[PDB]
Structure formats: C-alpha cells, structure tokens
Amino acid sequence: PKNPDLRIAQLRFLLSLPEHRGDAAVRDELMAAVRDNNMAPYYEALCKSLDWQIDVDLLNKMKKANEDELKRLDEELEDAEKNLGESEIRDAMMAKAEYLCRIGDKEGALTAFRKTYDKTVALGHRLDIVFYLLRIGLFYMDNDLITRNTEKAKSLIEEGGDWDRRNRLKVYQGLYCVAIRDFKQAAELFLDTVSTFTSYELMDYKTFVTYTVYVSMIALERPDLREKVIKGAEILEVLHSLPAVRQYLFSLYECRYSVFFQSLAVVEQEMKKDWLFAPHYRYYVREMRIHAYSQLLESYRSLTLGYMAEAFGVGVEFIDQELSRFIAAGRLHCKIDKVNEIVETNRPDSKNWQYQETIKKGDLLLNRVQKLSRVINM
Amino acid sequence: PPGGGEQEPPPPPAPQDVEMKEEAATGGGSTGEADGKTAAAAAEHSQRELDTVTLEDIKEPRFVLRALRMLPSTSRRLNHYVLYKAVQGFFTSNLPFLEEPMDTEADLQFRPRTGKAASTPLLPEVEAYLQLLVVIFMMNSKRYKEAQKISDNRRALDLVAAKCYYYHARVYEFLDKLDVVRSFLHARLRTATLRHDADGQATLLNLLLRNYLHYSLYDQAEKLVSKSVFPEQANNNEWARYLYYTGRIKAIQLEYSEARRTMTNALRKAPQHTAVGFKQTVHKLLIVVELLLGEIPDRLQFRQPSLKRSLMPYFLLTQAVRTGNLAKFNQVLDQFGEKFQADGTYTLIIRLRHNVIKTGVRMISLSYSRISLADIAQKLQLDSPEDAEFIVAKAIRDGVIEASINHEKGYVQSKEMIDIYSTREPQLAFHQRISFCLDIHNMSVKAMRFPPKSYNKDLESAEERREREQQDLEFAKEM
Amino acid sequence: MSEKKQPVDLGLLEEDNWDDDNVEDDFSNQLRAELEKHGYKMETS
Amino acid sequence: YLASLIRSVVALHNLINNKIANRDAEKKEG
Amino acid sequence: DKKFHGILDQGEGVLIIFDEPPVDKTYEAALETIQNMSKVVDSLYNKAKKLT
Amino acid sequence: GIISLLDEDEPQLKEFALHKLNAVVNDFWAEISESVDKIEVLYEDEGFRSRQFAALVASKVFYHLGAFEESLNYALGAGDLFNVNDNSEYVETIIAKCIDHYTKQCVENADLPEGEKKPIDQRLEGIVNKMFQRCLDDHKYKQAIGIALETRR
Amino acid sequence: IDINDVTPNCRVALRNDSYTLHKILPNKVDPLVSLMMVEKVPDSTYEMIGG
Amino acid sequence: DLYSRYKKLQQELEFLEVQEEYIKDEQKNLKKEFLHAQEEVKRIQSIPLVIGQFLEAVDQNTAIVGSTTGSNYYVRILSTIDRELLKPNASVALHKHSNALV
C-alpha cells in the first residue's frame, strides 16, 4: 500500500538539493527502507547515496523474501482458481498489486492494476484503483497519467453522490495545481477546510491550513481576504495555535510593514527547502513584495520616498533601485523624480492592459496554427 | 577459427539478400519505369534513391559486371547475382572495377541507370574510411562520372545527376582546390537554365555559395540579379539551406529587417530528423541577429536536450545584453572571444555596444521623469558626464525618447505620452494579421479539391424501374 | 522516405509547465535570498 | 479579427477530414 | 477597501473624487475564446499529426 | 576589378583591358554588368580604334544577363566577329533568337512589306540566309522547306 | 431478400399495391425487458451490504 | 517528320484554353439555376395536409411515422427541412396523398 510512503519521497528530495543536509536523512530513510522490504526506490538511490558496500547479504535476503511472498501469492491464485467466487484470483491480484507497487517498479504495478480494473463490477473499487494511480503519479510526476486519471475519475464520479470522494478529488486536484504555477485555482480548490480528514498525504491538518493561507495571500484581493479567510472561525481557531502565520497575515492586513519583511524572509526560507514550492520559491517572493508596494501607493498621490525609510525599511538607494526595476517591468504604475526626491502616481485606464495580452496570445496562437498548417500537407 | 564461424558468415549472406530487393530490384524497376515511362519524379524513384543512400550511408564486383546488352544478358543479370553469391560463399572475391562498365556486355541502354550504378561505387569509395579511395582515384571515378555528365536527353538524367554533382563537390571539399570547382560550377549553371527550365538552379546555387562564403569573399552582385532564385522545385530540403545562405548574406551587410524573417522561415522549414547539425548554427545566428535588430527579446527559452550544451555561452551573453550594465558585456567578451572566433561570429557581436547603450537609456527614460545627468554617467558607468549629453542628444534625434534637457541646469525632463489606444497604430497592428488570417484560408481551400477524384459514379435512381413505374401508372389509370 | 540528412558539422559532442518569464533568471545573477539582502543591509542603519 | 480566426481554423479541420478520408480509401484499389 | 474610489492629497488635504466607466465586457469574451480555440487546436494533434 | 583602368584614354590600354575581359567574362558577368554602359560609351565613339571589339564583350555580358534583345543588337554591331557559327552555345542561342525576331517581323510585314517598316539590317537577313544556306549544305532540306514559309519570302 | 433472414417476430416494410416484402426494419422491443421496466427493481451490488 | 511536331503542338495549345472558357462560364450559370431549383420544391407544402407523430429514423432521408388516422407508415422525407428539429416525439405534417414527411 501507499498510505505512509509519501514522506519517503520528501526525504529523497531533502537529500538531492540540500548539499549540506547529508547526515541524518541518509540514515532514517535507510532504516525505513530496510523494513517494509522497499526494494524499488533505492536501485538508483543507492548510487545517489553512499557506496553502502555491505548490502549484498541484505539485498539477497530481501529479494528472496520478495520471491517467497510472490510465490505464496501465486499459490493462493491457483487455490482460488478451483473454488472461485468473483474470480478470487482477481480479488487477490488486486489486493497484492499494491504490495508489488510498494516493493517493485512502475511497470508491474501499472500492468497489474490495468488488468485487475476489469474484474470489478462496482464503482467503489474502480475509484479506489483510480486513486491508487493518482497517488503513484504524484510520486513520480507523470503528467499525462495525472490528466487522464483525473478525467476518468470525474467521468466516474457523477453516478452517485460520493461527496466524500468528491472532496478527496478536490484535494488531489489542488495538490496538482500548486505544483504547477497556478495559484488562483489552488485557492479556489483549497476552500475545503471543513471537509478535510486526517488524510494520508498531509499528516497535519495544520500543514493544510498553512498551505491554503499561503496561496490565499497571492490569489485574492482585499474584500475577499477580509471576508473569508479572516471571518471563518474554523481556521482562526487553528491559527490561534500558530503564532507565526497569524502575525504574518495580520502584518499585511494592519499595514505594519516593518514586521512584514522578517516574517516574509522566514517564510521564504522555510519554503525554499520544502517540496513542491522550491522550483519557483523566488517567484512567490517577488510577488508579495511588489504587492506590498501596490497596497500603499494608491492611497496617496505625491508621497516622498524618504517616508519609506522610516515606514518600510531603511535605505534610500535600496528602495530607489527596487522601484526602478519594478517600473521597468511594466507593473506598479507610478513615476519618480530624483532632483526633489518625490514619487508621483498616475491612473492608466483598464484598456491598454486589456490589449497587450490579447495581441500577444493572438500572436502565439497564429504561430501555432501556421505550424500546424505546414506540418500537414507535406 | 571457432570464433569467426558464427558471426562472420552472417554478414555475407543477409546484406546481399536484403540488397537484392533494395537496389537490384530498384534498378530493375527504374529501368522499366524511369527510362520506360514519362512519369519522371514518380517512376524516377528519387525517394528510393534517397532511402538507398541514407541506409547504405550507415551500412561491388558482382554488381559492377551487370550485363544487359541483349534480352538474355538482362535476364542473366539476376541469376548471375545468385551465381556470384554462391562464388562468394565458396570462393573469395577481389581499379579493376572501373573498366567493367565498358566490358561484360554492360549495356544498360539507360543513362539514368548506369549513372546511379556508377555513383553507388563513388559513395562507398568516398566513405572508404578516410583513404578517399586512393585520393584522386575517387575523383577519377567522378571524372568518369563527369564524362557521363556530358553524355547527353535528360528526362531523368537531370534529377539523377543533381545528387552526383552534389557529392562531386564534397570530394574536393575534403581535399584540394575549390576555385576551379567554382569555374566548373559557373559554366555548368549556364549549361543549364538555357535548356528551358531544367532545375539544378537550386543545387548548383547552394554548391556555389557553400564555399564562396568560406573563402570569405562576400560578393553579392549576382545574388540580387540571379535568375535561379526561383526554381520553385526544391523538395522542401534545398529551399531551407538556400534561404539560410541568402539570409546570412543579407545580414552581414547591415541589413537586419528582412534577414530575420527569411532565415526564421528557413529554420522552421527544417525537417524532424534527430540530427541537429545545421539547426545549431541557424539558431545561433537567428538570435544574434535578433539581438542586433532593435532589442527584440529572443529569450524564448531553449532548454531542449540537443541544444542545451552548445548554446551555454550565448545564454550568458543575452543575460548581459538585456540589462543596462556595460561592464558585464566586456566581462563576457574578454572571456569568450576565442570561442566566438572559433565559431566565426566575432565580427557580428563586436558591434553590440550601441544596442546596450540604447537599452540602458530607454530604461532610464521610462523609469524616471526628471533626473540630473550627474547620475546617468554613474548608473551607466561612462566615466564622464559631459559625453552623456551627446549620447542623450543622439537618442532624442532618433526618436528613442522625447525628453528635453536644460543644459544650463543639467537635469533632464521627459514628456508624458499615454493612452496609445486612441492612436492609429493598433488598427495597423490588427490589419497586419487580418491579412494573414485571410490568406491562410484561401491557401487551405486551394489544395482541398486535389484529393477528390475518381468520382465517376453518377447514378440518379435506376434504369429499368422507369418502365415498371410507367406500367403501374397505366394500370392505375385504366381503372 | 525519411531521407532526413544534412552534410556538415553535427556537434555539441552529443519538465516545466509554467510558461517561462525572463525575469526569473535576471536576479539569478545575485540576490540569492531577499532574506540575505535585508538581514545584511538593515544592520548598518 | 476574432471571426476570421475562427473561420480559418474551421477550414483547416475540413481539410484534415478530407485528406484522411482519401488516404484510407485510395489503398483499396491495390 | 474599494468602497469609495478617488484619491487623497497630503500636501494640503484635498480629496479628489472621480468616476470611471463600467469595465467593458468587450475583451474577456475574446480572451476566453482565444484560449478555447487554443485547446481545440492542441486536441487536434491526436487526430492530425499522429495519423498522417 | 580591372575595369578601373577603363577610365584611361589610351586605346592601347583599352585593348589590354578588353582582351582580358573578353577572356574572363564567363566568371564575372554580374560584376561587369555593373558598368557595361561604359563599354557602350566606347562603342559609341566612332573615333575609337578597334571599335568593333567592344560590341562582342557587351553581347557576352547581356547574353549572360538574359537581355537577349540588347545581345542581338550588339551581336549585329560586332558583325563579322560572328563569322564563327560552329561551336559556342552563345552564338547558337543568339542566332536562334535572331531567327525568331526575323520571322516575327516578317509575319508582321506579311500584312504589307511597304507598311512603313523599320529598315532591315542587312547583317540580320545576311546571317539568317547564311544559316539557311548552312541548312541546305547539311542536306537537311526538310528544315528549309518548312522555314521558307515562316520567312514569308 | 433471403429466406433465412425472415425470422419470426420481426418488423418488415410492405409495398401497398401488391403487399410485397421490401425491407427489414431495425427491430422491436423484447417483452421481458418491458416487463422489467414496469416492475422497476432497484439494482444493487455487494458494496452496499452491512453485516 | 519534324514540322508536324510544331504544328500539332501549336494546335493543341490553341484548342486548350478554350476548354477553360465554357467550364468557367458553366460554373457561373449552374449556381444561378440551382437557387431557382432549390426554391422550386415548395409546391409540395400546399394548404391541405394531415398531421402525424414522428417515431424514428431508419437511416438518412427515410423515417417511420404514425398518422392520426390510426396507422403507421414507412415513408420518405423532404431534403430541405432541418434535420436538427426531429425530436423523439415531435409533431409533423404529411402530404395528404403520398403521406410523405414535409
């Protein structure tokens, strides 16, 4: 089975990117793998880790234990053939394909699952199979697998309510959506804070709360923020036990920019080494900062930049270069003058922006359709 | 002896067998098809030649003594194939493979056939290690081919000879002179293009241009006036390299607007095959020239496995040029100058300073609104403030920025130009692609009606049912 | 069929579903962490 | 602009249908 | 809080108040149609390129 | 290019230059086409000695350029230098286009020969009837018996 | 129309003038299916069993 | 012979391109007439016509209908009608004589 194994994948990543982290993980992962007969995830990982010369005895005895279990399973297959119910061979093979998945590689488990999908005549066991496939795809990041299995699950779920199954699919889809840099979709699909059980993929309900507040920081604006994530007591009571995130959110809401930056630095440091946030952990940060600027410049019109030093962070030249590079990018509409050290604002209409994206997406689609035109017809 | 008895025997028989239908059957079908009918390209089997070239590239006494003087000799050719196979199985076979086409009744009676047969020895002799088939001897075989070239009747010979005088060039390319190859090609070009239109106005042009540039003379006179610009028949393989060559020619003469489009078309004409030899070069140039032309980003990030290792310097280069800093540009040039020289591209990128300074000044103009020139120099590290005035003045000249300058004071103030939606330019932008989207529909519809054919089936209802209907009507009208 | 050959200079001696943006690599020049800059800039003043 | 784009993509689909309806039928005459 | 839109001046205390036209329905429909036809074209691979 | 010293007045130096150019034109026809008008200037000066020689090289250039009308004009201008008819594709194609122009003009005059014609160049009908006689001596009379119709003579 | 195709309980077209067989219409509805539709028993499976 | 190799080629070049002209005009006239023949078929939809119920379609341009007289017929349908409005139990009109869907 794959209920406890998720954390193992985490440790794998923890030994890949952190070069300095090479002391304790190599050991706890090691004796987590020595039990449970986990033979697959350290064929190549053994090469990634130390030489580990003393394994041939362990390798041989472990693989012979695997063979003993597999021959036992074949024994029950032939036992179930003569006196069968719903072809209990297929019941047993479905019941032990997860064992093979826990021990072996993708090929055997996938073939066993695709063959045993035809025995089950009820929707519940089909959904269990589909969820197994989602989980393995999340381990090995198989995009087409994820897409096809999700559309199959959605096509299987409308027959019957299964609202608990529907919520489980929602959490899975949200996890996939955070990995891709789609954040609004995450925040929309992470509003299931009253229907998330102590699941097998997120050991902590509190980790789920932290993820949803993190994405809601980016996705939504001030009315919804002030209306949903701050007025829903089900997460306020949880946040009461998490002072750091509470003050991180309150700092942004209450405009205490001085304390905001230390909390932001702590958060980005923590999420740099966390899974499914590292590949773009910088991107996230570069949003929040610019967002903070947009939360202050629109109230006034002729604010001096000196005020920032004692209100946002010391250093005139730092703020100067930051604002310069942010203006050059085409966002944060304003203007600055150096001879008198002043910052002015402007109000561009919501038409020019609604035009550039149109023209560029049109360009890319036209390029794609031209490529399609010539690739066909010799 | 035991080692060479199981894996050495297999090499002999199986390749011969699979060749008996690959080129022997191909030659037999071409003789009665290419030289037997006017299908030309169709029964010329240029794709059979293609396949038998590409497969044999990564793959003679029997096949050189082919006979066809009389019908019994032509029939014999095929049993003699098996006879030579048996001799090879029993006995060991063998300059002495050049007089056979004049002997052994060798009377193909088709030049289209004897040409391909002769070329097939040349290709292996060219690929005979690096020996070059005893050097000039391969050339001498091709000298024989060149005698064949002058033999004649080109309803097949022309498109057969194209490949011939394409490998012919490679022969000299790997060895000695090329100037007299140029003389020969020049002559051969007007030897063609005068027999009405015969093609080759594609291959010969590329052969002439391949090393016209390599000798480093950028003559262009004849290219602007060349009448062979439009062969229109290139099999979508010649056209790509022709466009690449003319694009580089155009770009080397301070012309950037048209080179981008023509050579992008050339690059996107490239086939799907795994080999990425020329695509490396075309990509490299296609992004140098885009950096030169204004400041188009070009950073359509390429991380494909094939191209990743090669273009590592260029990525660093674009990184410096996008930013307004100038010390980074020098720190990249002094580091990769030798590498760029090995690539033959130092001269193009050595003139990039003006683009860097334009980008920097445009960024400064867009960012601020009123800035003293006593800091522009420090930000752009020109080491002097006075010349910054001239730089900004030249920028204002070309419409880069509309900012004014108070010279007596020193600060530069810029105008504010917003609301481009009311301007006429977005209508032009929409029109420029309305034209394209209207053209593609006509292009697609034009070729739709070619596949519909052989629709002679035209029946309305029946033939003999009319009599039955009339009889029934008469019977009904009687009562 | 599938001739697909080119003559010279084959070289080089032999993922991401987020659309690429240039800016990501710009600050890859330095500023590894906003943290480090803020932490080691604020102390001065 | 938008309408001309839609028109072009529909005509492209029509061409694809025609060609595949030809190459899978012409082979029947051997 | 977007309950009231205008601008505040710190120099002397003047509350400039202005209003803006309704955000147009013009372009979001164009945007969605563009992405929809992009998805259709992407789905056209499974029947165009693979078969030919 | 050596055409630079075509700016010198001395006829002996022109007769050095032209006798390089007519020997090398085959490989530089475009680069010489850049300036052939100067050779037409030398052809215009009736005072110039060896005047006829410029016409031949000019004809070669315009032949390489496909300006076959101009090529025919200066082939006629070079006149007796076309006593050679027996080898080069240059002369063969020029005399073919000569045949074509002559027959088309004769068909035009088949309305009326007195119809205010452009005066016939005696060189034109000369070389055309010379090639007709060539066809006679080659015993290829089946050509002549046909072509006799298209000259309208 | 062939003899072996004319099975009992099949729907057939009939020409009007002379009453001749013309086609074989798709099919009819099997009576037991209609009876089971009338009865409407709630289909189930083993997953809906407790104790 | 060698002169006929010119004359016959001239004659075929003459004869071709006149083939082009009639086909070019004919495609023009054809649609002109086709519009009239397209709108000429509405004589069938005359005033006295019976009403029936649609049952199913065996294939293209043929269906099974049930007249309000009380009997079922297997009949033809008219081409120009819209095929996207024949719902499972919609109401239709039949020719009084031929009993053909109109």
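Just so it is clear, A, B, C, D, E, F, G and H label the chains in written order, and each chain counts residues from 1 on its own.
Just so we're on the same page, a residue touches a chain if its C-beta (ideal position, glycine included) is under 8 Å from a C-beta of that chain, and two chains touch if they have at least 3 such contacts.
Novice: More contacting C-beta pairs: A-E or F-H?
Specialist: When A-E is set beside F-H, the one with more contacts is A-E.
Novice: Can you tell me which chain is nearest the middle of the complex, judged by mean CA position?
Specialist: That would be chain B.
Novice: Using CA atom averages as chain centres, what separation in Å is found between chain D and chain F?
Specialist: The computed centroid separation for chain D versus chain F comes out at 56 Å.
Novice: Report the inter-chain centroid distance for chain B and chain F in whole angstrom, where each centroid is the mean of the CA atoms.
Specialist: Spacing between the chain centres: roughly 40 Å.
Novice: Counting only Cα atoms for the centres, state how far chain F is from chain G in Å.
Specialist: Going by mean C-alpha positions, chain F sits 93 Å from chain G.
Novice: For chain C and chain G, what's the span in angstrom between their mean Cα positions?
Specialist: Taking the mean C-alpha position of each chain, the two centres sit 68 Å apart.
Novice: Please list all residues of chain G that touch 2 or more other chains.
Specialist: Where chain G is concerned, no single residue meets two or more other chains.
Novice: Counting only residues that touch at least two other chains, what does the list for chain A look like?
Specialist: In chain A, residues 349, 351, 355, 362, 365-366, 369, 372-373, 376-377 touch at least two other chains, as defined above.
Novice: For chain C, what residues touch not just one other chain but two or more?
Specialist: 16
Novice: Considering the complex alone, what residue numbers of chain E touch chain D?
Specialist: Chain E residues touching chain D: 30, 33-34, 37, 40-41, 44, 47-48, 51-52.
Novice: Which part of chain A faces chain E closely enough to touch in the complex?
Specialist: Residues in contact with chain E: 222-223, 226, 298-303, 345, 349-351, 354-355, 357-358, 361-362, 365, 368-369, 372, 375-376.
Novice: Taking the complex as given, what residues does chain D use to touch chain E?
Specialist: Touching chain E from chain D are residues 2, 5-6, 9, 13, 16, 19-20, 23.
Novice: If we count contacts the way the header does, which residues on chain H are in touch with chain F in the complex?
Specialist: Where chain H meets chain F, its residues are 2-3.
Novice: Quick one: which bits of chain B touch chain F in the complex? Just the residue numbers, please.
Specialist: Going by the criterion above, the answer is residues 182-183, 186-187, 190-191, 194, 219, 221-222, 225, 227.
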